Amino acid sequence: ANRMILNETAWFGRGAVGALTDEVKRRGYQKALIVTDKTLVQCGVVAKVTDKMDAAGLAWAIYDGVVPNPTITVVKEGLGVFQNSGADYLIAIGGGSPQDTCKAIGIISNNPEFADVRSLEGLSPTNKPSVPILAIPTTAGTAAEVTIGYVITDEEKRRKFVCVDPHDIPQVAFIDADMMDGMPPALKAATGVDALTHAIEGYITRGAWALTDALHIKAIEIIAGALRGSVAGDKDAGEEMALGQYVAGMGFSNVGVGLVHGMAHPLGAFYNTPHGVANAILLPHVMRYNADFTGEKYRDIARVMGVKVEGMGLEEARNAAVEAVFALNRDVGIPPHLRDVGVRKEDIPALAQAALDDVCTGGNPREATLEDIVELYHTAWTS
Amino acid sequence: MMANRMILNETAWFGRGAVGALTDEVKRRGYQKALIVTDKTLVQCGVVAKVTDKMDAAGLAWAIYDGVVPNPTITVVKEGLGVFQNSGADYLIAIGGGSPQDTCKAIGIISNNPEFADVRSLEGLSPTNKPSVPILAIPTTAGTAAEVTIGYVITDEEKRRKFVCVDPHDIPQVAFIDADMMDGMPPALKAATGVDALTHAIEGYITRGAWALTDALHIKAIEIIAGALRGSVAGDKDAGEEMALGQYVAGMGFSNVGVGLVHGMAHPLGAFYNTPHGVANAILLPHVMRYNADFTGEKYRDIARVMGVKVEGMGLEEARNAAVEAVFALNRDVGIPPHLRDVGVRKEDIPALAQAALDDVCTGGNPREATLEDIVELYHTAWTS
Ligand SMILES: Nc1ncnc2c1ncn2[C@@H]1O[C@H](COP(=O)(O)OP(=O)(O)OC[C@H]2O[C@@H](O)[C@H](O)[C@@H]2O)[C@@H](O)[C@H]1O
Ligand SMILES: Nc1ncnc2c1ncn2[C@@H]1O[C@H](COP(=O)(O)OP(=O)(O)OC[C@H]2O[C@@H](O)[C@H](O)[C@@H]2O)[C@@H](O)[C@H]1O
Ligand SMILES: [Fe+3]
Ligand SMILES: [Fe+3]
């Protein structure tokens with residue numbers, strides 16, 4: 001049988017954060033810890049939530065120490081702030097970095113034997129649900145509001161480790177494109193291709209089944225249709241991206257992804273590369289590598305990305321799906337080569353070993369060898 | 001709010017053998033004793049034993065309430081609540097179709113919200129302060145999607161009416177969608193519960209509150225159901241597993257946005273005659289679709305397309321007629337009677353049925369604003385040739 005973990009409650013649309021104060025009142029919670037970063041406080045994004053909490057008389061504390069590719073240090077600092085604050089629930093405001101930090105804090109607070117954070121890696125054997133999390137994404141996006149995964153950076157061991165745990169699912173998600181409109185175009189582009197990567201890798205993952213296939217192919221259609229308009233600043237395209245990135249998460253959380261994520265994680269660990277940029281550069285090369293192992297699915301992908309696939313042979317339709325991703329990356333201004341974003345050729349053997357050992361790689365429809373992964377990094381390195 | 005809410009199961013298991021996941025879910029949640037809410041047919045047919053045998057093997061305690069009747073009454077809710085309170089159970093397992101699942105939601109809500117002990121005070125947006133007793137839902141029809149909806153429907157025998165209780169607090173904690181639990185449905189019950197599911201998906205697709213996510217879920221559910229129902233009625237194993245998924249996907253949508261006049265007109269037939277819900281919906285659906293057609297934009301082109309009609313280069317009027325005809329054809333193909341007279345409706349009751357339908361909460365979702373005279377005419381149209 002196939003398991004689905006989803007949000008029990010979710011609010012969608014511009015103004016959806018307007019639902020938070022009534023959700024808190026209905027749940028009887030006494031005090032939030034907001035987990036966020038300094039950029040989102042400075043840009044006034046956090047105030048969009050705290051102004052409503054203030055007007056409704058709801059108590060909150062804040063931890064704004066989250067860094068991109070959140071570290072064990074940030075988790076431990078946020079956990080201390082949470083424990084000392086007296087808060088009884090968490091509000092995650094931000095992209096994947098604050099939402100993943102928030103999941104680690106909520107889990108460890110109720111499962112204190114995992115206080116080293118490292119011990120959460122893999123299928124975390126936690127006995128107790130997380131502290132309740134209300135999740136408010138500000139990128140479009142990682143779908144962290146609806147996934148059971150989170151990824152933490154171990155600075156000492158220079159590795160990003162994946163933690164998978166039904167106990168971390170947020171109780172409520174608020175998916176509000178008003179919270180996302182302030183993303184710089186380059187961040188809309190990178191987080192949008194992260195979402196496309198989730199949906200493509202989820203569509204072709206070893207564990208795919210009928211329900212996740214339906215969610216993923218819908219997400220690919222929405223994202224491919226909206227991302228150029230959203231990067232260009234179109235309001236409705238931003239709202240479409242907010243939904244598509246979430247629909248991708250409903251699928252991939254429950255079945256897996258593949259070698260794009262497996263190869264992106266070590267780049268985050270080694271170089272602090274933005275996750276979406278790493279995914280965007282790798283995606284078309286890993287798609288080419290996987291192509292023979294994907295049945296008719298690249299015909300579906302090419303079709304919903306706007307390619308006329310009718311009358312193409314399968315090999316041609318597979319090429320067309322790969323070309324459609326290269327084209328989108330060019331159109332939204334993501335650099336095409338890993339050398340452009342600070343990767344070193346010398347590190348590829350170490351990166352490849354880390355990718356081979358990453359949780360995500362096992363979902364890949366083609367079984368990757370160490371030398372296959374080394375070769376893929378080199379293919380993505382330069383023209 | 002401009003914003004749209006979705007309530008879903010936090011956890012669900014899908015596929016043949018999904019009930020195999022129940023004992024580990026119970027152990028992980030630390031529950032001490034189930035009350036199984038079901039009916040005598042499901043006990044006698046061995047369906048409940050598919051679950052209790054696994055619970056016995058895992059050493060998990062249970063008691064059973066098997067008093068549920070189709071179109072469950074205030075009496076059945078009150079009796080089941082007493083059995084729950086007296087059993088020392090700390091969670092509920094709903095095994096059955098909509099009747100046991102709706103009874104179980106009422107029991108779970110009242111147990112933790114005792115001020116609603118009269119049951120009829122739950123009608124509408126139930127102002128409950130406490131979540132339901134945890135419910136693990138195991139559908140045996142395909143189906144009402146009661147395992148994933150926030151609605152439940154109880155019969156007030158005294159006032160001769162079905163009333164709808166809508167409450168996020170009633171959502172089951174886990175659903176187990178296992179076509180092995182559904183295979184014993186008689187072909188006629190597969191037909192009626194299958195077209196109930198189609199009605200959920202079609203009404204949800206065109207309901208006033210429809211938006212992008214529910215549209216995506218509903219049109220996928222219509223495709224799965226229209227593709228699988230004839231095969232499932234014929235006894236095909238894989239079609240039964242497809243129906244089990246399709247009926248659930250319909251519920252993910254309609255729970256969150258609404259349905260329309262088909263359900264509005266079906267509830268009074270249930271109240272007046274104890275008409276099976278799916279048969280009532282099946283007979284009414286094509287007539288209400290025709291009534292609604294001018295208020296549905298391009299959506300009947302989408303419905304006709306996924307019901308296997310060649311809609312390419314059809315005008316909108318032709319496509320709308322084709323969607324209605326596809327539903328009439330499916331109803332004929334799976335053996336549902338075409339006329340209300342055939343299933344025990346009286347012409348003399350149509351004025352009272354129409355007022356009950358006009359007042360039914362479901363009717364408010366209808367994309368065309370129905371008048372009393374429109375509903376009287378729709379009952380007469382569905383009555384006979
Ligand atoms: N709406 C916004 N407006 C402006 N800046 C924003 C906004 N949202 C986020 N930012 C900024 O963008 C930067 C990247 O934020 P992240 O949370 O790191 O971005 P995201 O791609 O959502 O998350 C990536 C993280 O999630 C994991 O899936 C992945 O492995 C990685 O750790 C930060 O400086 C953050 O403040
Ligand atoms: N797998 C099965 N095998 C055999 N008989 C079955 C099975 N499942 C159900 N039945 C029998 O089918 C009959 C109808 O069961 P219901 O639970 O009433 O049917 P269903 O259509 O699922 O639910 C209808 C109810 O739900 C509400 O949405 C609606 O308003 C109505 O009250 C009962 O006699 C029941 O025992
Ligand atoms: Fe990602
Ligand atoms: Fe129904």
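In what follows, chains are A, B, ... by sequence order, proteins preceding strands, each numbered from 1. Just so you know, ligand 1 is whichever comes first in the structure, and atom 1 is the first atom listed for that ligand.
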To make sure I understand the geometry: which N, O or S atom in A/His198 is closest to the Fe ion (ligand 3)? NE2
For ligand 1, does A/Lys160 get within less than 4.0 Å through its side chain, its backbone, both, or neither, judged by non-hydrogen atoms? side chain
Please state which part of A/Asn69 comes within less than 4.0 Å of ligand 1, counting heavy atoms only: side chain, backbone, both or neither. both
The protein heavy atom nearest to atom 8 (N) of ligand 1 is A/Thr138 OG1, 2.9 Å
closest protein heavy atom to atom 25 (C) of ligand 1 is A/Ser97 OG, 3.5 Å
What's the separation between atom CG in A/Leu196 and atom CD1 in A/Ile220, rounded to the nearest 0.5 Å? 6.5 Å
Below 6.0 angstrom between ring centroids: does that apply to A/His216 and A/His198? no
For atom 23 (O) of ligand 1, what's the nearest protein heavy atom and its distance? A/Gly96 N, 3.1 Å
Element-labelled atoms of ligand 1 that are located less than 4.0 Å from some non-hydrogen atom of A/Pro70: 32 (O)
Should A/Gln99 be listed as contacting ligand 1, given a heavy-atom distance under 4.0 Å as the test? no
A/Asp178 vs A/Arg14, salt bridge (charged side-chain N to carboxylate O under 4.0 Å, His left out): CA-CA, chis, key distance, verdict: CA-CA 5 Å; A/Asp178 294 346; A/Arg14 291 185 175 279; 2.9 Å; yes
Looking at A/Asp194, which of its N, O or S atoms is the nearest one to the Fe ion (ligand 3)? OD1
I need the A/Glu201 CD to A/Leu259 CG distance, nearest 0.5 Å. 7.5 Å
May I ask whether A/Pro98 has any heavy atom positioned less than 4.0 angstrom from an atom of ligand 1? yes
At under 4.0 Å between heavy atoms, what of A/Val151 touches ligand 1? The answer is side chain
About how many Å separate NZ of A/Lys103 and CD1 of A/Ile108, when rounded to the nearest 0.5 Å? 14.0 Å
Are any of the N or O atoms of A/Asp37 closer than 3.5 Å to those of ligand 1? yes
Logged contact type for A/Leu187 with ligand 1, heavy-atom cut-off 4.0 Å, is side chain
Which atoms of ligand 1 have any heavy atom of A/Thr39 under 4.0 Å away? 5 (N), 36 (O)
Check: A/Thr142 N/O within less than 3.5 Å of ligand 1 N/O: no
Any N or O of A/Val45 that comes nearer than 3.5 Å to an N or O of ligand 1? no
Atom 7 (C) of ligand 1: nearest protein contact (heavy atom, Å): A/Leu40 CD2, 3.5 Å
Note the single closest protein heavy atom to atom 21 (O) of ligand 1, along with its residue, its atom name and the distance in Å. A/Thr191 CG2, 3.5 Å
Nearest neighbour in protein (non-hydrogen) for atom 4 (C) of ligand 1: A/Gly182 O, 3.7 Å
Apply salt bridge (charged side-chain N to carboxylate O under 4.0 Å, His left out) to A/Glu121 and A/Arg159, showing your working. CA-CA 11 Å; A/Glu121 176 174 10; A/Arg159 63 193 298 273; 2.8 Å; yes
Closest to atom 9 (C) of ligand 1 among protein heavy atoms sits A/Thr139 CG2, 3.5 Å
I'd like to check atom 15 (O) of ligand 1 in this structure: does the protein have a heavy atom lying under 4.0 Å from it? no
Between A/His275 and ligand 1, find which residue part has any heavy-atom pair under 4.0 Å and reply side chain, backbone, both or neither. side chain
